[PDB]
Amino acid sequence: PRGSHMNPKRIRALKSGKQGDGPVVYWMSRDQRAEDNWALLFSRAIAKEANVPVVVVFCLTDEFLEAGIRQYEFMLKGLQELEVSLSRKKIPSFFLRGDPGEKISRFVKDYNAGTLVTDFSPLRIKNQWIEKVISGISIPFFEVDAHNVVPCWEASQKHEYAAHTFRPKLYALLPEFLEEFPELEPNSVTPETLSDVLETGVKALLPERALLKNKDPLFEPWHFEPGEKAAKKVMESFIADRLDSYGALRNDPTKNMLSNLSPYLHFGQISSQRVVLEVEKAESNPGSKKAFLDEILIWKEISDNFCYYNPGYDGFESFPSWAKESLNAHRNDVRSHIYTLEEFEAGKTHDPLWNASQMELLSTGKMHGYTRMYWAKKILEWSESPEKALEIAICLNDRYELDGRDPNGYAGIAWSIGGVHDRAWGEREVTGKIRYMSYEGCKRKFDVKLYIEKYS
DNA sequence: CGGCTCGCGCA
DNA sequence: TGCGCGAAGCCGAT
Ligand SMILES: Cc1cc2nc3c(=O)[nH]c(=O)nc-3n(C[C@H](O)[C@H](O)[C@H](O)COP(=O)(O)OP(=O)(O)OC[C@H]3O[C@@H](n4cnc5c(N)ncnc54)[C@H](O)[C@@H]3O)c2cc1C
């Protein structure tokens, strides 16, 4: 659909029909940003070709009840900043409350939409919302992959077994899909309160807030303030100050040398393609650049591939045959310790390293990338069954992680418990052939005493 | 057949 | 800390 600096492979037609005579409507779900947005740049071009304005719709759902205030305030505060940014380019933002499957279809007919465009997401709920809108609209419906550098359907047409099989496919398509972002052209034809929806949300999530003994909340919101502007500063400081030492100190939780970009990347407050563009042109350490590029390109977009081609990505069935047979044979094995969800949530285990890792999660909303493996693998070792281990790990991940409810989370949890995108290892009791990590293993790689003392 | 994102003994 | 090896099942380039 027109456009010079616009690859048609990033878009795909979800429905066909006659184009309406009204404005094009962009359904923003995953990429909550105004700059470096392919789903928004594509919508503007269709608006420009049809001589119609472009509108923006965001449907606030009841999914915030499953999460806490840490994720609600992070998403809401960025939307208020995004509302101002879109207002500077004569683009209107409409915020709705309810089911997108019924409110979006009502918004298309009420506003007389000509075309409908949305961003890509491999989650189950999004496909259910799309099918509901599909049956309630008669205007063309398009979808743009504005999250991945290479479109998910274009990178691979099959659930990839490992990264070493997905690595040659992604890097072969990089010279085509890795490109600069054209500027967002403002509108030519111009035609709920976010503050009110913020107070009503925190009031409904107050009783479920994480608290300490003295009735003091555990979350510390000053570590990462949200917003598109704040996401840029974190990226800029990483390239200039933390990119050089990334390849050597990425597995040390005592050193704050990670990019800290997941909370912004999950909500779409910054484009991962923009991160690649600035990282590629930076004169850093070559070993650190390759290590970082493999993390945000191969392992971030293969999680989308995992959830897209596996509808049961958060279940035991999505595990490989070798892991399922290994875990089933050790179901009756006696566990050294058995902890419930509440004991894992409050950090009441015998391991001071695991408890400290959970405290970093409960205090900052983000846990170090290295300790997340030990946090999840120890749940499998100290649970009733692999199903309960998967349930506890997913619950604690989606409730307290700022980057939770993400394809990176489900793939990452399935890696630690089900060996997805991994291989077999030494045979052990309970865990079987799943990769094993011990407290002594972390002792020889980083100062464990510094990590435990930092988070009580 | 070669190589995959741990623990372990050893400088 | 950094390095080579062990231990394990399997994809895919042929
Ligand atoms: C059990 C478990 C659960 C996880 N939960 C989540 C989650 O809920 N949300 C989430 O976004 N990530 C999750 N991850 C992935 C990883 O822990 C985080 O992406 C990372 O630790 C966030 O810190 P960072 O962005 O500073 O890391 P960096 O080293 O700076 O990574 C840069 C970016 O690369 C990507 N990335 C890095 N490591 C991974 C990985 N292992 N898998 C996929 N993408 C990766 C992310 O987009 C990240 O923002 C989890 C990992 C594990 C093992």
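Letters A, B, ... are given to chains in the order of the sequence lines, protein chains preceding strands, and every chain is numbered from 1. These values consider heavy atoms only, across backbone and side chains, with no hydrogens, waters or symmetry-generated copies.
Remark: A:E301 pairs with no residue by the side-chain hydrogen bond (donor to acceptor under 3.5 Å, both in side chains) rule, at least two apart or across chains. Contacts of A:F267 classified as ring pair (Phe, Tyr, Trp, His ring centres under 6.0 Å), with partners at least two apart in sequence or in another chain: A:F74.
Spacing between atom CH2 of A:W299 and atom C1' of B:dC4 amounts to 10 Å, rounded to whole angstrom units. Atom-to-atom, OH of A:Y436 to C1' of C:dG6 comes out at 17 Å; the value is rounded to the nearest Å. Following rounding to the nearest Å, A:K443 (NZ) and B:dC8 (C1') show an atom-to-atom distance of 16 Å. In this structure, A:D294 atom CG and B:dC4 atom P are separated by 12 Å, rounded to whole Å. Rounding to whole angstrom units, CD of residue A:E440 and P of B:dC8 are separated by 6 Å. Distance CD (A:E427) to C1' (B:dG7): 16 Å, rounded to an integer number of Å. Atom pair A:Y374:OH and B:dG7:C1' shows a separation of 13 Å (rounding to whole Å applied). Atom pair A:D252:CG and C:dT1:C1' shows a separation of 11 Å (rounding to whole Å applied).
Residue A:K445 places at least one side-chain N or O closer than 4.0 Å to OP1 or OP2 of B:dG7.
Pucker assignment for C:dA8 gives north. The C1'-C2'-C3'-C4' angle has a positive sign. From the dihedral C1'-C2'-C3'-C4', which is negative here, one reads the pucker of C:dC5 as south, toward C2'-endo.
For A:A248 and A:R428, each mapped to the nucleotide of DNA chain C holding its nearest heavy atom, the one lying further toward the 5' end belongs to A:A248.
Of the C1' atoms belonging to B:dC4 and C:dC5, the separation is 15 Å, rounded to the nearest Å. Nucleotides B:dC6 and C:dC10 are separated by 23 Å at their P atoms, to the nearest Å.
Comparing B:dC8, C:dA7, B:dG7 by their closest approach to the side chain of A:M437 singles out B:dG7.
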Counting primed atoms, P, OP1 and OP2 as sugar-phosphate and everything else as base, the B/S/- map of nucleotides 9-14 of chain C against protein heavy atoms under 4.0 Å is BSSS--

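The nucleotide C:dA7 finds no pairing partner, because no Watson-Crick or G-U wobble arrangement with both distances shorter than 3.5 Å includes it.
For A:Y161 and A:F166, the ring centers sit 6.0 Å or farther from each other. Centroid-to-centroid, the aromatic rings of A:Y308 and A:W153 stay 6.0 Å apart or farther.
Using a cut-off of 4.0 Å between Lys/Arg side-chain N and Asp/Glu carboxylate O, A:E154 and A:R12 are scored as not salt-bridged. A salt bridge does not link A:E220 to A:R70: none of the charged side-chain nitrogens sits closer than 4.0 Å to a carboxylate oxygen.
Under the 3.5 Å distance criterion, the side-chain polar atoms of A:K433 are left unmatched by any main-chain donor or acceptor of A:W322.
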